[PDB]
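Residue numbers (the working numbering), protein chains in the order written: chain S, 5 to 51; chain B, 411 to 500; chain G, 3 to 140; chain F, 473 to 520; chain Y, 473 to 520; chain Z, 473 to 520. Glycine is no exception: its CB is placed at the ideal position from the N, C-alpha and C atoms.
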Amino acid sequence: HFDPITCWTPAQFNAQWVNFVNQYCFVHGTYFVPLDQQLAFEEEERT
Amino acid sequence: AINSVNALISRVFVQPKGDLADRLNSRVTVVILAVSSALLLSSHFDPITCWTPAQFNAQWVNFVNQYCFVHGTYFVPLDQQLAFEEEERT
Amino acid sequence: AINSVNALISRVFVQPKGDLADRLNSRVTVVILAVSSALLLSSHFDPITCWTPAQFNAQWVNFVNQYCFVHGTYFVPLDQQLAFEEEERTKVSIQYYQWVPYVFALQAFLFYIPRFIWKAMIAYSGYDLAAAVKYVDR
Amino acid sequence: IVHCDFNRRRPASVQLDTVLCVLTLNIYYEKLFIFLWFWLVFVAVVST
Amino acid sequence: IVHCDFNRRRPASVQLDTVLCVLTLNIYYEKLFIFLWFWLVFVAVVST
Amino acid sequence: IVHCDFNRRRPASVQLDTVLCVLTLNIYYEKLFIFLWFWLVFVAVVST
């Protein structure tokens, strides 16, 4: 659309991490959960 | 800080007159419980410190510290998540 | 800071009356252990300082300092990496802070007991020395 | 080491969260409670 | 000089890490423990 | 002018709140929808 994906990161990242974690999120996988299940644990119910 | 008060000790610790055996344990008792009673509410003059996330401006930290100290607190061994509702958490 | 209390020393250090040889070592004992017991929990009034990485806002530093001081600590000689799990990391484990400052208070207390035993017991005998000592003395 | 609970109020109501606190006192209180316990129950048995 | 261990809690659970701390006290405690040790065990042998 | 809804996730779960947003588009869409409506239904009646 020349903002591929935007992310939420907590507040102490100096904004040169934001411009990182944005990409890193965009390459390494992502996933979904409907919301309020917590995450459980391990990889199973989360991913 | 550092402070030590002798005369308050010597006063009741001695001045009331009797040698009565092992009834003076009422005396020495009152001493210990009195002192520790005070020195604890002395707040070691940092009652409790807390972790708050990073955008609080430090006049909230000096709040959330107290607020934590008054409204209840609790414990969990660590890694259970928290579950939910009030049950397994509190 | 700097502070020195003499009268607390002189009080027990002298005022209880006896010259009894090498039993006064119970006295001087109670002194040493008492003092060091206190001056250690004085926190040199900087108990422990820690390294935390750079984005903590300094109200975490004043946290992680304590949190380190309570939850355990440990040691490794340096360069082993850490390995993993809990095994090779936490093998060499040093926390005595939960012990020293208080266990000394207990110490001094247990050196001062035996006197109290003595005065109580010799009082059981019904025949007091101390009166006699002062009397014939002066 | 505890997990403290905390509130705000906004148009969304309870709006609560947790922050884990270090706890210093609890090192005192359960340093002494032992001692004070021995010493009391002593004072009882010798006083009966 | 020690390596302290530390935790947070986020949706990812234990979330732990290490920070190496300098340790001042340990210079005291193992300055005195020697002395205090001599002096006690003395007090024993002279008191037996 | 609307009241938007919003979430986070912390150990306390839904953790939601509201923030009121200005809305620009809605000035467009209900500027044109009128016009476009006349013009369509016209195109119908003339096309039947």
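Taking the Cα positions, G:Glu89 is about 12 angstroms away from G:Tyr76. Residue state for G:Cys70 is assigned as helix, using DSSP reduced to three classes.
Within chain B, no residue has its CB atom less than 7 angstroms from the CB of G:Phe118, the nearest being about 11 angstroms off. Per the C-alpha coordinates, the member of S:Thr10, S:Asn18, S:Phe6, S:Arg50 positioned closest to S:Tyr28 is S:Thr10. Contacts between B:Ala417 and chain S, judged by CB atoms closer than 8 angstroms, are missing: the closest CB pair is about 53 angstroms apart. Cβ proximity to chain F below 8 angstroms picks out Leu488, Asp489, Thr490 from the region 488–517 of chain Z.
Taking the beta carbon of Z:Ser485 as reference, the chain S residues within 7 angstroms of it are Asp40, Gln42, listed in sequence order. A distance below 8 angstroms separates the beta carbons of Z:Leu495 and Z:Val474. Taken atom to atom, the span from the alpha-carbon of B:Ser436 to that of Y:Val518 is near 36 angstroms. In the structure shown, F:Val486 adopts coil according to DSSP, grouped into three states. Per DSSP, F:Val474 is one residue of the beta strand (DSSP E) stretching across 474–479. Inter-residue distance for Z:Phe514 and Z:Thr520 is about 10 angstroms (C-alpha atoms, whole angstroms). B:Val440 and F:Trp509 have their C-alpha atoms some 15 angstroms from each other. Secondary structure of G:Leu112 (DSSP, three-state): helix. Checking the DSSP bridge columns, you'll see S:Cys11 has no partner listed. For G:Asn27, the enclosing alpha helix (DSSP H) covers residues 26–43. For B:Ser414, the C-beta contacts it makes with chain G under 8 angstroms involve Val7, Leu10, in order along the chain. Going by C-alpha positions, Z:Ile499 is about 10 angstroms away from Z:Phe505.
Shown in chain order are the members of the region 29–52 of chain G whose Cβ falls below 9 angstroms from a Cβ of chain B: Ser44, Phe47. DSSP links Z:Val491 through a beta bridge to Z:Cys476. Look at S:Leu39 here: in three-state DSSP terms it is coil, with no helix or strand label. Residue contact with chain G for B:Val486: absent (no Cβ-Cβ distance below 8 angstroms to any residue of chain G). The Cβ-Cβ distance between S:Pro8 and S:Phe24 does not fall below 8 angstroms. Contact check for F:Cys476 and F:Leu497: beta-carbon distance about 14 angstroms, past the 8 angstroms limit, so the pair fails to qualify. Not a single C-beta of chain G is nearer than 8 angstroms to the C-beta of B:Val480. At a cut-off of 8 angstroms between C-beta atoms, B:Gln465 counts as an interface residue with respect to chain S. Closest in alpha carbon position to B:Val415, among B:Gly482, B:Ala444, B:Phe494, is B:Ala444. Under the Cβ criterion of 8 angstroms, Y:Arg480 is not counted among the residues facing chain Z. Around the beta carbon of G:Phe106, a 10 Å sphere encloses 16 or more other beta carbons of the protein chains shown; the residue is thus reported as buried. In the structure shown, the three-state DSSP call for B:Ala417 is helix. Secondary structure note for G:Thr92: its alpha helix (DSSP H) is the uninterrupted segment 89–92. If you draw a 10 Å sphere on the C-beta of G:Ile11, you find fewer than 16 other C-beta atoms in it, and that means exposed. In this structure G:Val102 is in contact with Y:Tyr501, their Cβ atoms being roughly 6 angstroms apart against a cut-off of 8 angstroms.
Between the alpha carbons of G:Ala133 and B:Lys427 lies a distance of about 18 angstroms. Annotated as distal: B:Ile412 and G:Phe111, with beta-carbon spacing of 8 angstroms or more.
Counting only the Cα atoms, Y:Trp511 lies some 20 angstroms from G:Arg117.
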